[PDB]
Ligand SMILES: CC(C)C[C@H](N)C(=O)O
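A single chain, nothing else alongside it, follows as structure tokens in the form deposited without ligand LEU.
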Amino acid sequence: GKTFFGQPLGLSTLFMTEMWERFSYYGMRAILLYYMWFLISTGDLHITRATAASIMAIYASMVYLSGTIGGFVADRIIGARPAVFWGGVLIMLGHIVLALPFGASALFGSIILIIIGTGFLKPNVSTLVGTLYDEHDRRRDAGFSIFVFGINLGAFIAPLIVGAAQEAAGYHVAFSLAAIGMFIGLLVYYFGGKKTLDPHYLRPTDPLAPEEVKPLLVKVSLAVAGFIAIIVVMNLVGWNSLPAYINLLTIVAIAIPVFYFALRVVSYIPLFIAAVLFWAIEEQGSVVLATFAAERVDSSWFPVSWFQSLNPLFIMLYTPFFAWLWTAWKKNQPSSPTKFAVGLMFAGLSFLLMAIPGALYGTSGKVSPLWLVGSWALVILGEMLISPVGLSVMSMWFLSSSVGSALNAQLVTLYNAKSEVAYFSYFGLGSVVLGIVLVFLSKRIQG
């Protein structure tokens, strides 16, 4: 007769579980670039800083794309509950791999492991949350809200803890901290799920029928075949540097959506571009803005990675406010494409803001941290409008995020100290201009 804030106790298991995975994940991201910069300056890794930035970006991209595969493997083959478990193990392993004395050798293994891991875990945890409520129940809206608040809790404290740890005991002890985080998540999951989750999800809910096996295999086989063929063809011509490999992945990512657009509502062709653009800016925060914090701000008294805490902090502060807004502005609303429009403008503003300090002071010194503070605040305000309503204006919503990041892999190469004021301005203005185009067509789309 004890609930977790009104909700079934099972929610608390899924809360704790997803909260530590988000911890391991955003904790790692918050120092991964800097770590990669560290490797470079010691001779162990032979890439440029720009390429490192593009590895941070494409890494994100493949995590998002993998998520769309993950629901399938769960539902037709191994079952949802074990999927989350072994996703969790694969993730724990990537982190362990980094916290060991090796160098660049490990880095690539680790990246593969977390990509496949997060692929299994991330979509299926959301699913299992749906499982807690009868499809008649209306606590479900409260439930998902709570669960999401746990996602952002973990994201928020992770840079604080891991960033500190890195400063004190170095990079390897900091990465192990993320392994342990995922481990705690696993412990709560295993034992708490035997107590609080349905055993009906120990199995795929839609097993392959006998005649379906051979087809599936033929497809997977052709897929890998051609992919291997492309890699082979690439290494003959002499296209074997890392940026060439990133370029291949950038391609694969873009193709998949394009390829699936192949006329009742072609409405979202411009809405999708809008989403895709927004995520690119938001995702640059952990790369470009991360880079700006290490180089253009005075962060001698604190761990620079602590800035990464600002993104999930504003989502939490903004959340109770906007919950109220859609009730207290109930009768006469911004339509869903007014929302995309305004959102994208605000993301555009967060970058223009960043053009100012260089325009005014030049690019040769340091500036107040608060610039970043203001930037982050503007973009999250943009996310508030886009992330909730956009969902049902579901494969594709994991996909807009992946396309956005794939694009970063190419654009963040252009950022640097001399290009600063231009980069922020072209992107910035570029985005506002597409947003105003979207308030106009906001009318014609509805259908």
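Numbers follow the displayed sequence, beginning with 1. Whichever C-alpha set is largest while still superposing within 1.5 Å between the two forms counts as the rigid core.
Beyond the structure shown, there is the form deposited with ligand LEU bound, which is absent from this document and is the topic of what follows.
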Does ligand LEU get within 4.5 angstroms of any non-hydrogen atom of residue 397 in the entry with it bound? yes
Looking at the partner-bound form in the entry with it bound, is residue 151 within 4.5 Å of ligand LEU by any heavy atom? yes
Output the sequence-ordered list of residues from 279 to 312 with at least one heavy atom within 4.5 Å of ligand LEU in the entry with it bound. 279, 283
C-alpha of residue 295 moved at least 2 Å between this form and the one not shown on rigid core: no
Residue 219: with the rigid core matched between this form and the one not shown, does its Cα shift 2 Å or more? no
